[PDB]
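*Asks:* What follows is a single structure, and I will ask about it in a moment.
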Amino acid sequence: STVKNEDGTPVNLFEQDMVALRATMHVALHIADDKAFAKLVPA
Amino acid sequence: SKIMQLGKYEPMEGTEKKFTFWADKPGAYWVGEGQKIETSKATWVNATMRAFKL
């Protein structure tokens, strides 16, 4: 649905003879202590 | 019987017989790379024959 033919119709992989690869991953992040980090910045 | 001489026999158990034949065959399309492939269609037709008693 996120790619459209010239005529504006959505791409159909079967009726249009196409192949497509999907890659997916799940990732989670947590800061255990908001105070444990510091930054040096140019004045 | 000259009909039995020239014609084709057909095994017929009942007093009636059914025939079915292809009539239409699908078309074919030139399609550009990645173009939509147009559909096509097959078709058939039926015929029948019945017996009489001498």
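Ordered as shown in the structure tokens, chains take letters A, B, and onward, while each chain numbers its residues from 1 and ligands are numbered from 1 in the order shown.
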Counting only C-alpha atoms, a student should be able to say which residues of chain B come within 9 Å of chain A; what is the right answer, written as a PDB file with N, CA and C atoms, in the first residue's frame?
*Replies:*
ATOM      1  N   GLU B  33       7.456  -4.581 -18.337  1.00  0.00           N
ATOM      2  CA  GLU B  33       8.064  -4.983 -17.077  1.00  0.00           C
ATOM      3  C   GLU B  33       7.351  -4.327 -15.906  1.00  0.00           C
ATOM      4  N   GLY B  34       6.804  -5.155 -15.017  1.00  0.00           N
ATOM      5  CA  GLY B  34       6.052  -4.673 -13.873  1.00  0.00           C
ATOM      6  C   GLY B  34       4.655  -4.159 -14.152  1.00  0.00           C
ATOM      7  N   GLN B  35       4.134  -4.331 -15.364  1.00  0.00           N
ATOM      8  CA  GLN B  35       2.751  -3.972 -15.646  1.00  0.00           C
ATOM      9  C   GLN B  35       1.786  -5.016 -15.083  1.00  0.00           C
ATOM     10  N   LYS B  36       0.522  -4.613 -14.933  1.00  0.00           N
ATOM     11  CA  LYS B  36      -0.515  -5.528 -14.465  1.00  0.00           C
ATOM     12  C   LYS B  36      -0.875  -6.530 -15.556  1.00  0.00           C
ATOM     13  N   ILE B  37      -0.793  -7.819 -15.232  1.00  0.00           N
ATOM     14  CA  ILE B  37      -1.144  -8.888 -16.167  1.00  0.00           C
ATOM     15  C   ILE B  37      -2.664  -9.002 -16.269  1.00  0.00           C
ATOM     16  N   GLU B  38      -3.213  -8.681 -17.437  1.00  0.00           N
ATOM     17  CA  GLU B  38      -4.654  -8.769 -17.646  1.00  0.00           C
ATOM     18  C   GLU B  38      -5.116 -10.222 -17.571  1.00  0.00           C
TER      19      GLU B  38
END
*Asks:* Could you list, as a ChimeraX atom specification, every residue within 7 Å of stretch 7-24 of chain B, counting only C-alpha atoms and ignoring same-chain residues fewer than 2 positions away?
*Replies:* /B:3-5,26,42-51
*Asks:* Could you write out the selected residues, including C-alpha atoms, as a CSV table (one decimal), in the first residue's frame?
*Replies:*
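So the final result, stored in out-v2.csv, reads:
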chain,number,residue,atom,x,y,z
B,3,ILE,CA,-25.5,-45.1,-40.8
B,4,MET,CA,-23.9,-47.9,-38.8
B,5,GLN,CA,-21.4,-48.2,-41.6
B,26,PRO,CA,-7.7,-17.8,-23.1
B,42,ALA,CA,-12.1,-20.3,-20.8
B,43,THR,CA,-15.5,-21.4,-22.0
B,44,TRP,CA,-17.4,-24.6,-22.8
B,45,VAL,CA,-20.7,-25.7,-24.6
B,46,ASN,CA,-23.1,-28.6,-24.2
B,47,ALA,CA,-25.1,-30.8,-26.6
B,48,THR,CA,-27.4,-33.8,-26.1
B,49,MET,CA,-29.0,-36.8,-27.9
B,50,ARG,CA,-31.9,-39.1,-27.2
B,51,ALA,CA,-33.1,-42.5,-28.3
*Asks:* From a DSSP calculation on the backbone, collect every residue of chain B in strand (DSSP E) and output the set as number ranges by chain.
*Replies:* B: 16-24, 43-50
*Asks:* State, in Å with one decimal place, the distance from atom CA of residue A:2 to atom CA of residue B:29.
*Replies:*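 If I compute the distance from atom CA of residue A:2 to atom CA of residue B:29, I get 27.4 Å.
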